[PDB]
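Comments concern the structure below.
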RNA sequence: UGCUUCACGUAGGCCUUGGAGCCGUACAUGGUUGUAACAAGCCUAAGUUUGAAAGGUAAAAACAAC
RNA sequence: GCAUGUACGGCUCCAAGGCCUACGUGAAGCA
Ligand SMILES: [Mg+2]
Ligand SMILES: [Mg+2]
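Numbering (the entry's author numbering), first residue to last: 98 to 1030, 1051 to 1111.
In structure tokens form, the structure reads like this:
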């Protein structure tokens, strides 16, 4: 029957078009691919895995790979996938148009369609909406027949593999009937596309459940195993499986996983007063490791090993704030400092016109950088001797070039694909442009890591990076304010106004001490500071000396510190002698170690045993550097291996430091102030020069961002009202803790702290009380911020918020841990706890109906990437409202079993629409003159078997319910209409012929 | 007697992240005088979640000589 | 007998995800 196949194909193509359009709504870079910037791994193909990708996976991987956010993340693909993905990305628009056309052609009521020609006629008065020409349709049809042939060949080979593998009498007859029909049908006929090809095309862009239903309804047969369950399974190797993740190449769940892995470990802070914490942690770790290396079962070992606390030696919070700012297309007007690459050095040398004297060596065959630089290094390119080998213009040019070369960071316009932010001592570097008297001046700012954190906090909480000004009202962006600060700093530096607040900042946090605190005449060095410096040096030297004689030093342990100590001792003795001998700066400079001599001396001392008889060592340490190395000539001659010369150096150093602590009076403080380099309190005569230096290259404090107008700030400020030492970070911690999160500070202060006793002070408090607490507080805040960023990336991956309640800890009341770290830390088990999602009626497009109920559904977090993307929540709200589902144990309306009931109702509705469409088609195809004399519903009602059971209104309600798939229970008036329709179908015997 | 769909275990592979150790490459920085600590780190307040002010120490960014 | 930073490649451990398989179960529908 042609009508049966036509209706089934119309339904299948409509479903395929709806599913395909549910993924793409806008352009999404279609037909504009430019390759992927990702390190592709050619992963081997799994055994016993059927080849072939559905159209949905083609679309998803074409979108994910050729996106732009995939910059260097080391994705995994199979063999021969990139070129076919490029072909699909080229012809996806044609594929979409072909699917839409085919759906429109098959879904016809008036003048029932015939077979689809090889040309796909689609014209004349029948279809005067020609959207595909001969060549475009030819390309799409060629792609389809290629895929059809590939699937047929793969299925035939898999079928042929069965007969060799043993088998019996029953197996032989089952494999014989299926090969002849699988190899039987073909894509091509006499200008007629076969029905099997159309079903294959329709099922290629569906899901496995709908494809299975359509294949089962394709042929009645006997409802048993359809041709050994092999012809029916021919069309389902495509039609994406569901319950299979589509976010493998998302590049936003990648950062979420990175953040989770970072947060799943305990920090190792370097505070002196936190040592008992880590001592207890080490003892516990060692004891439980020893206990775990005695087990006999996997489960017992897993239970024992849950008490071990992993640790990390450092954390990078400044990188994650900068990455968050770069992802949201912020900055955009600054110039960030990036790490220098060898390509950057090569390009700088090329543009600077310095390797132009390479006689055009044309080393372009190497292509990759860091090898051409190797060739110049082998050639004899040095660049470190070219500040004295040319006329006076050399100083203006080569010194600046050398200064640029020594810097290891470069300034570039920020980009999404750029990630190598320069982080030096937790700081970042920005470069802005200001206008003064109609001139563009570049200003460099060192931005603290707490400015960025407050910026990210303001962006995350309010949603906008705008801060309301205290005066003159109005809202200003945080991308701004920085530029105003730079301009005002420049203006104040020119005006020399360093005794008033800049932006209500109490200008000692800005304007460093060279400008805000000066004296007129040079100060007099006090007696106390020299003694303090001498005592500190003595204490450090004797501490290292005492610590050295415990590892027994058999030419091992630290050697750099020893060489530094010898060199410092020699230099200090030489300086003390030279000041008394009254030598000028140039006299001492020529009599000391320059760069080359210092490098040679360091190498010789590092390899002391290697050079003791070579003439180079004698020439350096006994001929040239005679006066400088005088205090050590006697020891170096009768010694070797450097382990004795270090002891002699430490002995001489300690003897000298003891011998000086009684030769420092008020009448000779100048000499040792010069020797130990203690200075005064700057000069007023050099205020202008320092202002000129500082007006361009200054720093940005973290108090520039004010959280006064954030929601809840006034209540928090009034609540405490007595913690005189409180700061703005307590507000951040309070806000982030009220939203749900975990930090290792909670575990440290509630599970480990009560078990240990701290060393007490003279007063009776904890020794090192202040800094320790600050340290702990610091950790908490940073960790909380990181978690927030992670949650943000979750919203960028699954499209839904992360709503979950984290349980709070309880203080320890025992003498043992009794609480495993891997069971207390929630980031270890974060994929095994239900999350909340809010479901609301969507109606048409992105328009949530106000004053409508909102439902809360609990869903496992491993179902957010497979069977939650593009789910058509209208079915969920229809099932919740129209039906009356029951709430199970801990009643919360789980997404599971809701999916199951919804799928069952969808199958029932599919049967209903098939039946109604067949009956409507038969009714219309006959009484065309009667219909042409809504009135169509009245025509159907008159041409039926109703007496008093239902009116035209009931038929209309049934038709709108069935056509649009509004999920409702069976009720009563629906059953009689279905019985009448079945009676009509059986009376004419419409679907019983072969 | 069985059929598919989910979910949980058990055992394998094949990839990708996170911490720690042993490593190796490859590159950059390292010297003597003065100017230079606004930014970041360390030490000082409370036996429980208080980074404000103050006192030391501290050379990350910068300027000029060999 | 060397310190810091950067990028890469290993080995070694732990852990987390994703894809394939092969055995058990638990549940929903169908013959
Ligand atoms: Mg999943
Ligand atoms: Mg302070």
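Quick reminder that beta carbons are idealized off the backbone N, C-alpha and C, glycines included.
Checklist entry - Of all the alpha helix (DSSP H) runs that stay within the bounds of the segment 711 to 773, which reach a length of 4 or more residues? => result Complete alpha helix (DSSP H) runs here, min 4: 712 to 715, 730 to 734, 742 to 757, 766 to 773.
Next on the checklist: Would residue 626 and residue 775 be called neighbours here (beta carbons separated by less than 7 Å)?
Outcome noted: Residue 775 sits close to residue 626, with the two beta carbons spaced by under 7 Å.
Item to check | Straight-line Cα distance separating residue 778 from residue 165 | outcome: Distance between the alpha carbons of residue 165 and residue 778: 54 Å.
Checklist entry - Counting pairs of beta carbons, one from the segment 507 to 527 and one from the segment 410 to 421, are three or more of them closer than 8 Å? => result With the cut-off at 8 Å, the segment 507 to 527 and the segment 410 to 421 touch.
Item to check | Option in 305, 1007, 977, 374 with minimal Cα separation from residue 1038 | outcome: Shown without residue 1038, the model has the chain running from 1030 straight on to 1051.
Checklist entry - By Cβ distance, which residues of its chain are closer than 7 Å to residue 410, with the 5 residues on each side in sequence left out? => result Excluding sequence positions up to five before and after residue 410, its CB lies within less than 7 Å of the CB of 365, all in the same chain and listed in chain order.
Next on the checklist: Would residue 195 and residue 237 be called neighbours here (beta carbons separated by less than 7 Å)?
Outcome noted: Cβ distance < 7 Å, so residue 195 and residue 237 count as in contact.
Checklist entry - Could you give the residue range of the beta strand (DSSP E) that holds residue 539? => result Under the DSSP assignment, residue 539 falls in the beta strand (DSSP E) whose first and last residues are 537 to 544.
Next on the checklist: If I measure Cβ to Cβ from residue 605 and keep anything under 7 Å in the same chain, skipping five residues before and after, which residues do I get?
Outcome noted: 613.
Item to check | DSSP-derived helix/strand/coil call for residue 1111 | outcome: Residue state, collapsed to three classes: coil.
Item to check | alpha helix (DSSP H) runs contained entirely in the segment 130 to 198, provided each spans 4 or more residues | outcome: DSSP runs (the alpha helix (DSSP H)) wholly in the segment 130 to 198: 152 to 162.
Next on the checklist: Which complete alpha helix (DSSP H) runs does the segment 215 to 286 hold, if anything under 4 residues is left out?
Outcome noted: DSSP assignment within the segment 215 to 286 yields the following whole alpha helix (DSSP H) runs of 4 residues or more, N-terminal first: 231 to 261, 266 to 279.
Checklist entry - What are the residues that DSSP puts in a beta bridge with residue 436? => result Looking at the DSSP output, residue 436 sits in a beta bridge with 506.
Checklist entry - Which whole-angstrom value is the C-beta distance of residue 1061 and residue 975, which I expect to be below 8 Å? => result Their Cβ separation, rounded to whole angstroms, is 28 Å, which puts residue 1061 and residue 975 out of contact at 8 Å.
Checklist entry - Less than 6 Å between the CB of residue 959 and some heavy atom of ligand 1, yes or no? => result Distances from the CB of residue 959 to the heavy atoms of ligand 1 include at least one below 6 Å.
Next on the checklist: Buried or exposed for residue 593, going by 16 or more other Cβ atoms inside 10 Å?
Outcome noted: Counting Cβ neighbours within 10 Å, residue 593 comes out exposed, since fewer than 16 surround it.
Checklist entry - Who are the near neighbours of residue 407 in its chain, counting only those whose CB is closer than 6 Å to its CB and skipping five residues on each side? => result 362, listed in sequence order.
Item to check | Pairwise C-alpha distance: residue 333 and residue 997 | outcome: Each residue's Cα considered, the two are about 20 Å apart.
Item to check | Cutoff 7 Å; reference residue 688; Cβ partners in own chain excluding five residues on either side | outcome: Answer for residue 688: 724, 725, listed in chain order.
Item to check | Top-ranked residue by Cα proximity to residue 126, from 115, 160, 101 | outcome: In terms of Cα proximity to residue 126, the closest of 115, 160, 101 is 160.
Checklist entry - DSSP beta-bridge partners for residue 1006? => result In DSSP, residue 1006 forms no bridge with anything.
Checklist entry - When the Cα atoms are used, what is the spatial distance from residue 645 to residue 748? => result So the alpha carbons of these two residues sit roughly 13 Å apart.
Item to check | Any alpha helix (DSSP H) of 4 or more consecutive residues that is wholly inside the segment 815 to 872 | outcome: Listed in chain order, they are 825 to 835, 841 to 844.
Item to check | Contact under 7 Å by Cβ, residue 439 with residue 462 | outcome: Contact flag unset, no.
Checklist entry - Exposed or buried, which one is residue 488 when buried takes at least 16 other CB atoms within 10 Å? => result Looking at its Cβ environment, which holds fewer than 16 other Cβ atoms inside 10 Å, residue 488 is exposed.
Next on the checklist: Run through the DSSP bridge pairs and tell me what residue 521 is partnered with.
Outcome noted: Residue pairing for residue 521: DSSP places it in a beta bridge opposite 524.
Checklist entry - By how many angstroms is the C-alpha of residue 295 removed from the C-alpha of residue 106? => result Those two C-alpha atoms are separated by around 7 Å.
Next on the checklist: In the DSSP output, which residue or residues are listed as bridge partners for residue 408?
Outcome noted: Looking at the DSSP output, residue 408 sits in a beta bridge with 363.
Next on the checklist: Rounded to the nearest angstrom, what separates residue 1111 and residue 1059 at their Cα positions?
Outcome noted: Distance between the alpha carbons of residue 1111 and residue 1059: 30 Å.
Next on the checklist: By the DSSP assignment, the beta strand (DSSP E) with residue 574 in it spans what residues?
Outcome noted: For residue 574, the enclosing beta strand (DSSP E) starts and ends at 572 to 574.
Checklist entry - Is residue 931 near ligand 1, in the sense that its beta carbon is under 6 Å from a heavy atom of that ligand? => result Residue 931: no, Cβ never under 6 Å from ligand 1.
Item to check | Where residue 1037 falls, given that 16 or more other Cβ within 10 Å makes a residue buried | outcome: Between 1030 and 1051, the chain has no modelled residues, which means residue 1037 does not appear in the coordinates.
Checklist entry - residue 342 and residue 1024: beta carbons closer than 7 Å? => result Cβ atoms of residue 342 and residue 1024: not closer than 7 Å.
Item to check | For residue 973 and residue 956, believed in contact at Cβ under 8 Å, the rounded distance | outcome: Not a contact, Cβ separation roughly 11 Å.
Checklist entry - Relative to ligand 1, is the shortest distance from any of its heavy atoms to the C-beta of residue 349 smaller than 6 Å? => result Set against 6 Å, the gap from the CB of residue 349 to the closest heavy atom of ligand 1 is not smaller.
Checklist entry - Does the count of Cβ pairs from the segment 144 to 156 and the segment 247 to 264 closer than 8 Å reach three? => result Flag = yes, the segment 144 to 156 and the segment 247 to 264 touch.
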